[PDB]
Amino acid sequence: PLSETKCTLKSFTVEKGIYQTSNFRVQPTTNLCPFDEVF
Amino acid sequence: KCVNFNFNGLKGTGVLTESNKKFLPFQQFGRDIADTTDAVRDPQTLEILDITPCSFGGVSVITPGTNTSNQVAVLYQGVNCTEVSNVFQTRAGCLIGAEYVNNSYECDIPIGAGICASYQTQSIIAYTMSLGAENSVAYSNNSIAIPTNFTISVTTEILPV
Amino acid sequence: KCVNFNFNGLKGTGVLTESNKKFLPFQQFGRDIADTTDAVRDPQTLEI
Amino acid sequence: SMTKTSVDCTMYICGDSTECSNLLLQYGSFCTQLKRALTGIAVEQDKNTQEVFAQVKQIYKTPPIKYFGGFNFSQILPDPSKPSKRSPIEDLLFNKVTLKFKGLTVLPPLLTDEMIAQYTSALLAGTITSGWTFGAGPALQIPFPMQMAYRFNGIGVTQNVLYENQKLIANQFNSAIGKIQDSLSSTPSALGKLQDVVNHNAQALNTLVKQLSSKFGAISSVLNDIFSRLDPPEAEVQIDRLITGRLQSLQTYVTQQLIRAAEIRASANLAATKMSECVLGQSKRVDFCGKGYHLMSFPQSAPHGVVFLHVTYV
Amino acid sequence: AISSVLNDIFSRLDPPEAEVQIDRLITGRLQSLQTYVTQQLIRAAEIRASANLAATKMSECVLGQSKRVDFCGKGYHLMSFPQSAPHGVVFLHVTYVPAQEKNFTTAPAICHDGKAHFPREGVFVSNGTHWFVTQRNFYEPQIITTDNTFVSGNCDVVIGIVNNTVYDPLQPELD
Amino acid sequence: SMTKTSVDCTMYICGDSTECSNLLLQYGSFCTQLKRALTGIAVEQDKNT
Ligand SMILES: *[C@@H]1O[C@H](CO)[C@@H](O)[C@H](O)[C@H]1NC(C)=O
Ligand SMILES: *[C@@H]1O[C@H](CO)[C@@H](O)[C@H](O)[C@H]1NC(C)=O
Ligand SMILES: *[C@@H]1O[C@H](CO)[C@@H](O)[C@H](O)[C@H]1NC(C)=O
Ligand SMILES: *[C@@H]1O[C@H](CO)[C@@H](O)[C@H](O)[C@H]1NC(C)=O
Ligand SMILES: *[C@@H]1O[C@H](CO)[C@@H](O)[C@H](O)[C@H]1NC(C)=O
Ligand SMILES: *[C@@H]1O[C@H](CO)[C@@H](O)[C@H](O)[C@H]1NC(C)=O
Ligand SMILES: *[C@@H]1O[C@H](CO)[C@@H](O)[C@H](O)[C@H]1NC(C)=O
C-alpha cells in the first residue's frame, strides 16, 4: 500500500496524511421454421 | 454475484437480486432517475430483478510518515466491511490496519465522520476526535471573577499578498 | 552559434556546445526534466 | 460549507469499457489535476466549518439551575430529552431544510452534526455564563442581568435603564424568541439562502449525469455498440470524440465547483467574522450584527450553515 | 494524434492529412493553455481577497488600535508590527490577556440614604463585610464614594440591591 | 453592478441556417447550463444594486 502511494506522488517519501491512491473495484465473474415439411 | 448479464440485449455488469417493483405486463425493464437500467424482466420466467453495480470506491492510505514508520492503514471509502489484521467500520468506510482506541485524543489524521487516526508510539490507532476539555463555569447570580494580573502575548499571523 | 541541426532525422534548432555530462556507452540521447532534449550524440562521429 | 464530492475519472469517461481505460492513459495529468482540485475543495470545506465553529477553546457547560435573571433561553439551549442534544429552534432548522452513482461519490464531513451542535452549545454556555470574557482570555463569570447592564453601557445607555426596567426587558426578550420560531415556521423559503446551495450542487451533479447521455457528434453515446459494430480504425477515432467530450464536461464541472467554493469560502469567512464580533463580543459596527444598536448574538447550527440570532435595541 | 512531436508529423506525412494532426495538437494545447489561465484567474481572485484582508489589517492593526474582537490577534489588542515576507506579510500582534482571576460577591447597586447608587465605571465587589468599586478587567479596589457612584432612584425597584455606606468626600473637611 | 447580458444559442452557434439548428439538438444540455448561468448573473446584478 505505501509503495503505491510513493509511485503516485512521484516521490520516495510520504509525509503524514491520508492520500487517495487508487480505486477498489470488485470484479465480474419458439416458432420453429418449417424445414421439416420440405426436407 | 457480480455477473456479466444479457437479457434480450441490455448487456451489462452487476449483481441480480429479487425485487418488489410492480412492472406493467407490457414493460420489460425499468430505468432510474438518471436513466440507469435498475430492473429487468427475464424473458423465460417473467421475474423482476433489480440490478446493482459491483462494489467500488476509493482507497486511501493513512501513513504516519515515512521517516517515522513504514506501517500503513487502508481506508476503503463507502465500502462495507462485509466485503474486501484489524477491521473496523466507519461512516467513511472500511478501515483496515488500525486498532480502534476508545480514548479520545485531538485529531492528527482526519479519517472522517468524527473519526481520526494517529501513530500511537508502535501501531496506528483510530479514535473519536475530542472537541476540547469540559470546563463548566461557576455561574451564580451574585458572584463575579476579576483578573488580578495580566500577560502580554505576541501572536504571529502570516498572510499571502 | 544558433544553428539548425539534423541528426539522422532528429531535427531541431539551437546552440550546440561541448557537452560536460557523462553519457554511458549505451546512451544516445539526453533528457532534462519535463523531457527536454538537453544533449545529443552525432550518429556519424559519436560526439556528445 | 458545500458537499464534499469526488469523481472516479475512469468510470465516468469509460465505465465497464476496458479499451476506454487503455486509451485514457494517453492524456496523463488531466485526471490528476481534477482529483487534486476536488480534494482541495473538500479540505477547504472542512477548514471552513473548523474556522466558523471551533473558535472556542474549552467545552463550556451551563449550570443545572437555569435561572438567568428572568431571561428564558430554553429555545436555544439544548434539550436532553431528545436523541440529538440540539435546541428546540435548531431542531426546527434541521427539519425545515430537506437534504455510489456511476463514479460520483459524496465524502462525509469530518465534524458530525452532534459535534457542531456541541460546539454551538459551548458557545452558548460561555456567552451566557461569562459574557464576552471567554473569547479574550480566561472565562470570567458574571451574573446575566450584569452582562446586560454592560451591554447597555456599550450602546450608550446608562446602567439603571436596565435595572429599573429589568422585568419588562426580560419579557420583551422572551417574547421575541418565541416569535422567532413562529417566523421560521411561517415562511418556508426563509432558509432558502441555505437551501439554494444544496439545490445548486444537485443541479450541477444532475447536469453531469445528463452529459453522460450526449453523443458529442458520435453515432451513439453507448461504448458497447461503438466497440461491437465498428472496426478499430473508426471505433477508436469515434471513442476519441466520446473521451474528449466527457473530459470537457468534467473539466467544466470542476471549474464551476471551484468558483462556487470560492463563493462559499467568502461566506464562511463572513460567518467566522460574525462569530468573532457579534457572538464573542459587542459590535459598535453599525449594521454588522442586525438592525438597531447591537446588544448580543446567539449561534445555531444548520445543515450546511449557521444561524445568528441578533438581539438588538430599538 | 499520431505523435506529440511536430517533426515526425511534418516529415512522415504530406500536408493534406498532416493538417488534421496539426489542428488536433493545436486544439489540445490551446485547451490546456486556456485551462491554465482560467485556473490562474481563480487563484488571483483568491490572492486579491487575501491582499485586501492584509491591507485592512495594516490599516486597522498597525496604524491604529482595533476593537474588533478577534481581528488583530486573540486577546485585547494593544498594537501590531509588520514584517516583510517573500510573497506576503507577517503581523506580530501584541495583545493583553487577563490572568490570575479571583472570585468576589457583587451587587448591581448600593442602597444608601434611601436611594440607589450605581458605579460610574467598574463593578461593586466584596471580600466579606467590605464593598469596593473596581475597574472591570483588573482588580484594583477603591472605597465607595460619591465621586465614583451615580444615584438614580429609590432602592426598592432594583432586584438584588444591597445596602452599604457611601462615603461623602465633602463631609469630613467641611465638617 | 455590471451589464446584464442574455445570449441566444441558435443565432450565435448556428445563425439563420435551418439545417445546422437541426444538427445542434444532439449536444444536449449545454445551452440550458449557459442560459441558467447568465440569468443567475443578471439576478445577482439586480441584487447588488
Ligand atoms: C523526517 O523526514 C522528513 C522528510 O522525509 C522531514 O520532513 C522531517 O523533518 C524528518 N524528521 C526527523 C525527526 O528526522
Ligand atoms: C454492512 O454489512 C453489515 C454486515 O455485518 C450489515 O449488517 C449492514 O446492514 C451493511 N450495511 C448496509 C448499509 O447495508
Ligand atoms: C471501548 O469503547 C467502545 C465504544 O464503542 C466499546 O465498544 C469497547 O467495549 C470499549 N472497550 C473497553 C476495553 O472499555
Ligand atoms: C421558557 O419558554 C418555554 C416556551 O414558551 C416555556 O415552556 C418555558 O416554561 C419557559 N421556561 C421557564 C423556565 O419558564
Ligand atoms: C471560584 O469559585 C468556583 C466555584 O466555587 C471555583 O470552582 C473556582 O475555582 C473559584 N476560582 C478561584 C480563583 O478561586
Ligand atoms: C477585605 O479587604 C479589606 C481591604 O483589602 C480588608 O481591610 C478586610 O480585612 C478584608 N476582609 C476580609 C474578610 O478579608
Ligand atoms: C439567586 O437565585 C436564587 C435561586 O435561583 C435565589 O434564591 C436568590 O434570591 C437569587 N439572588 C439574587 C441576588 O438574585
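Residue numbers in this text run from 1 along the chain shown.
Per deposition record, electron microscopy, 3.0 Å.
Using the three backbone atoms N, Cα and C, a Cβ is placed for every residue, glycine included.
These features come from Swiss-Prot:
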- D:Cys9-D:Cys31: disulfide bond (DISULFID)
- D:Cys14-D:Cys20: disulfide bond (DISULFID)
- D:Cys278-D:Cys289: disulfide bond (DISULFID)
- D:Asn72: N-linked glycosylation site (CARBOHYD)
Tell me, how many other CB atoms lie within 10 A of the CB of D:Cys20 (disulfide bond), whichever protein chain they belong to?
21
Just to verify: the residue among D:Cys14, D:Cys31, D:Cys289 with the fewest other Cβ atoms within 10 Å, which of the disulfide-bonded residues is it?
D:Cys31
Quiz question: given the disulfide-bonded residues D:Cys9, D:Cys278, which has the greatest number of C-beta atoms lying within 10 angstroms of its own C-beta?
D:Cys278
With Cβ-Cβ distance below 8 Å and at least 6 positions apart along the chain, what are the contacts of D:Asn72 (N-linked glycosylation site)? List them in sequence order.
D:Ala170, D:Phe173, D:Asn174, D:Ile177
Near D:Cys20 (disulfide bond), which disulfide-bonded residues out of D:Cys31, D:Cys278, D:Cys289 have their CA within 10 Å?
none
